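What follows is a short report on a single structure.
Here Cβ is always computed from backbone atoms with ideal geometry, including for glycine, and neighbour counts include all displayed protein chains. FYI, it's all coordinate maths here, none of it is from the lab.
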Amino acid sequence: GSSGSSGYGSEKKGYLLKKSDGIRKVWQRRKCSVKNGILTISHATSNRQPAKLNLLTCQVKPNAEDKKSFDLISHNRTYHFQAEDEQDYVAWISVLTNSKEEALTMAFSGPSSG
């Protein structure tokens, strides 16, 4: 992961790329947002309602070599995201992951009757 001091923050607002529905594998730019450990995705084809994604349950799989790339694994679902620049990616990954942990560490690990 990110060695040294990594204090980016569990909050970031900008834009990212996401693979089309499925039929096509084209990367489209969309306004992304991360807050309270949640990732929202605005629509472009239908201005009805955005799409929130819980990072607590999702799994951020940052590319191994192909920099500026990360896959978001959701409940029985897999998404495809891509950063715009190297600086944007580095941060994004740091956040997405951070927001998740920073939220888990403060959350309960296991249930215990009273």
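Need the full-extension length gain, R30 to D71, defined as separation in residues times 0.36 nm minus the C-alpha distance. One decimal, nm.
Values: separation 41, 0.36 × 41 = 14.76 nm, distance 1.55 nm.
Here the answer is 13.2 nm.
What residues qualify as long-range amide H neighbours of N63, i.e. H under 5 Å apart, gap of 5 or more or another chain, H built at 1.01 Å from N?
Close amide H contacts, sequence-distant or interchain: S69, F70, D71.
Note the angle between two axes, namely the Cα long axis of helix 86-104 and the longest principal axis of the Cα atoms of the chain, as a number of degrees from 0 to 90, rounded to the nearest 10.
That works out to roughly 40 degrees.
Using Cα-Cα distances under 8 Å and only pairs 6 or more residues apart, what relative contact order does the chain have, in percent?
Contact order relative to length: 25 percent.
Can you give the calculated 222 nm mean residue ellipticity of the chain, where each DSSP H run of n ≥ 4 adds -39,500 (n - 2.57) and the sum is split over every residue, rounded to the nearest 500 deg cm²/dmol?
Values: 1 runs with 19 residues, N = 114.
Rounded to the nearest 500, it is -5500 deg cm²/dmol.
Gain in length, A107 to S46, computed as 0.36 nm per residue apart minus the alpha-carbon separation, to one decimal in nm? Let's see the in-between values first.
On the way: separation 61, 0.36 × 61 = 21.96 nm, distance 3.50 nm.
Residue separation times 0.36 nm, minus the Cα-Cα distance, leaves 18.5 nm.
From largest to smallest, what semi-axes in whole angstrom does the chain give when each is the square root of 5 times an eigenvalue of its alpha carbon gyration tensor?
Square roots of five times the eigenvalues give 24, 19, 13 Å.
When the Karplus curve 6.51 cos²θ - 1.76 cosθ + 1.60 is applied with θ = phi - 60°, which whole-Hz ³J(HN,Hα) does each residue of segment 17-34 get, with x for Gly and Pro?
10, 9, 4, 3, 2, x, 2, 10, 10, 7, 8, 10, 7, 9, 6, 9, 7, 10
May I ask for the longest run of the chain untouched by trypsin sites (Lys or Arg not before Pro) that are loop-located per DSSP and have at most 14 neighbouring C-beta atoms (other than their own) within 10 Å?
68-114
Loop-only check: which GluC sites (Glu not before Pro) in segment 61-91 are DSSP coil with at most 12 other Cβ within 10 angstrom?
Working: sites: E65, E84, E86; in loops: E65, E84.
Counting only loop positions with at most 12 other Cβ atoms within 10 Å, the GluC sites (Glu not before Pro) in segment 61-91 are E65.
For a quick check: with amide H placed at 1.01 Å from N, whose amide H comes under 5 Å from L56's, ignoring anything fewer than 5 positions away on the same chain?
Result for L56 returns nothing.
I'd like the Karplus ³J(HN,Hα) series for segment 37-53: coefficients 6.51, -1.76, 1.60, θ = phi - 60°, whole numbers in Hz, and an x wherever there's a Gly or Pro.
x, 10, 10, 9, 10, 6, 8, 10, 8, 9, 7, 10, 7, x, 10, 8, 9
Any idea how far the Cα center of segment 84-114 sits from the one of segment 24-60, in Å?
Cα centroid to Cα centroid, the span is 16 Å.
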